[PDB]
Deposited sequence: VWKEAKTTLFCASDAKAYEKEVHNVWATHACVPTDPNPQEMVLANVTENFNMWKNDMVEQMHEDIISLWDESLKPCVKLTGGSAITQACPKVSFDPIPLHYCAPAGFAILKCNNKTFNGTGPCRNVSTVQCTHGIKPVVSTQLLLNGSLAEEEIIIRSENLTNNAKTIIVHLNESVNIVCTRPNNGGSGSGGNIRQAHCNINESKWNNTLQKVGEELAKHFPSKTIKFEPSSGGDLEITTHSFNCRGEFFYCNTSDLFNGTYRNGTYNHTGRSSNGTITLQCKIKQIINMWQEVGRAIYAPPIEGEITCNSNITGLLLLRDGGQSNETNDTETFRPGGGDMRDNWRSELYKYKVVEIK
């Protein structure tokens, strides 16, 4: 309804680029926020029509533009060239704050699906701290659901609408390019993944009850969305998930169909230099990988899914506003 500002705990002495940007663009966090509960009030939220998402999206576009400059940017006809130094890159949390005369309403119902009325409501100065993690298929390093796994969608009947799965237990994913210089891999504990897809299938079954629930790899599209793509220490990883989204949940039981060994699923990855941009329609070209071992140890805290008797779910993504939504869903700005 207005323009928010961000608070961060960044340093102006970190060269890490989220820190540099936040030093320029955000104010320091207030060391003890105020919060004002109101369990009588009951108000309506719609995480899918939320202007905080747009404001944050603009911020992260600006952050990536100041911080991850490509050597070449191709948008439409024009090509833009510039210095593309390697940088230290590691997302830091950002708080979104309502300005004077304006408050942020937080919904505190632990099972709120992002939409409709919510009974127990607070007012706050700022949101919690959100790391702005750009990725497809898997949401990484977010905050977990507190009770059960929540299925969020603007419209579950409309299979073209992205489904956000909010996990209550994170699943570790470790990706490294070890000391081909483009080739890398990720490890996931098959048991932990197994378990979580068991319970995701449970919740999806509540919403599609006659149906067998299948998980299958992303059909087609650009590589950014047919793989799990993300940025790790400045490098762009593209990790094949066909051994990950590969399983059936039949009669209250999940069976993993993807290949593992020693009880870990291993994703084959490539580090790429030509990137289809999430910010706009265009391509970006970066320098070859920095040298040595490149490793990110992340928590999977959510999934992005697309639905095609049987219901089939494939990993999705590509619109980074859904990544922000998955964190801003409980917040509305008012007054």
Original post:
Deposited sequence versus model: which ranges have no CA atoms?
Top reply: 1-5, 185-192, 322-329, 357-358
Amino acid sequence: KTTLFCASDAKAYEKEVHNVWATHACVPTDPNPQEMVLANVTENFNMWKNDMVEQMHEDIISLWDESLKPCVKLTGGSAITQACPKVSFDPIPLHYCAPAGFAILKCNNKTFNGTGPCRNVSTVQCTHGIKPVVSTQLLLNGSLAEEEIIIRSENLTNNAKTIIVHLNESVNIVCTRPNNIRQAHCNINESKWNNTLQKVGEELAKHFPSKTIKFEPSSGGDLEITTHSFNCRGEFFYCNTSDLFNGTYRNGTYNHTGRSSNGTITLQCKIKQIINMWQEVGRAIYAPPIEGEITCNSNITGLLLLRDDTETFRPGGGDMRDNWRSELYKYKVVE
From here on, numbers count along this sequence of modelled residues.
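Basically, rigid core = biggest C-alpha set you can superpose within 1.5 Å across the two forms.
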**OP:** With everything overlaid on the rigid core, name the stretch, 255-263 or 104-112, whose CA atoms wander farther on average in 8 other deposited structures of this protein.
**Re:** 255-263
Original post:
If you line up the core and then measure how far each C-alpha sits from this form in 8 other deposited structures of this protein, which stretch comes out higher, 71-79 or 162-170?
Top reply: 71-79
**OP:** Mind pulling up the entry and telling me whether 170-178 or 98-106 has the higher mean Cα temperature factor?
**Re:** 98-106
Original post:
Taking only the CA atoms, which stretch has the higher mean B-factor in the record, 227-235 or 180-188?
Top reply: 180-188
Original post:
If you compare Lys73, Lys86, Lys131, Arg250, which has the highest Cα B-factor in the entry?
Top reply: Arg250
Original post:
Which one of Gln125, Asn141, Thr81, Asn159 shows the biggest C-alpha B-factor in the PDB entry?
Top reply: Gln125
Original post:
If you rank the chain by CA B-factor, which third does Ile151 end up in: lowest, middle or highest?
Top reply: lowest
Original post:
What third of its chain's C-alpha B-factors does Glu35 belong to: lowest, middle or highest?
Top reply: highest
Subject >> Where the record places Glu293 (Cα B-factor, split into thirds across the chain) >> reply: middle
Original post:
Among the modelled residues of its chain, does the C-alpha B-factor of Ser218 lie in the lowest, middle or highest third?
Top reply: middle
Subject >> Assigned third (lowest, middle, highest) for the C-alpha B factor of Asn46 >> reply: middle
